[PDB]
């Protein structure tokens, strides 16, 4: 029943910040793992950041120090505050989450994906 909707994308001239968001809507019970995965054309889906329920954050070497993953449990949403964006970063950003529709175990959901483009 779960749907993962994103926002906060768009065009930003290189060196500028952009904050992505992704809220979960449905018969949710609770959310366990939320992450951001990107896919530039001519490349496969790859990890950007991985967040757990217990506030543990992991980042792919390529985005470390620039990007930050955070989440609001109450608003049932995962955020990606991306700073000092370089052209290689340009791609489509996918929100991914393990969502419990049944108290004991979760199901995996991918987002539709928003386009993050880089000027100059």
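Numbering follows the first chain given and starts at 1.
Trainee: Name the third of the chain's ranked CA B-factors that contains residue 27, choosing lowest, middle or highest.
Mentor: Highest third, going by the recorded CA B-factors of the chain.
Trainee: Rank-wise, by C-alpha B-factor, drop residue 61 into the lowest, middle or highest third of its chain.
Mentor: It falls in the middle third of the chain.
Trainee: Lowest, middle or highest third of the chain for the C-alpha temperature factor of residue 105?
Mentor: It belongs to the lowest third of the chain when residues are ordered by C-alpha B-factor.
Trainee: Lowest, middle or highest third of the chain for the C-alpha temperature factor of residue 40?
Mentor: As the PDB entry reports it, the C-alpha B-factor of residue 40 lands in the middle third of its chain.
Trainee: Splitting the chain's C-alpha B-factors into thirds, which one does residue 85 fall into?
Mentor: Middle third by C-alpha B-factor.
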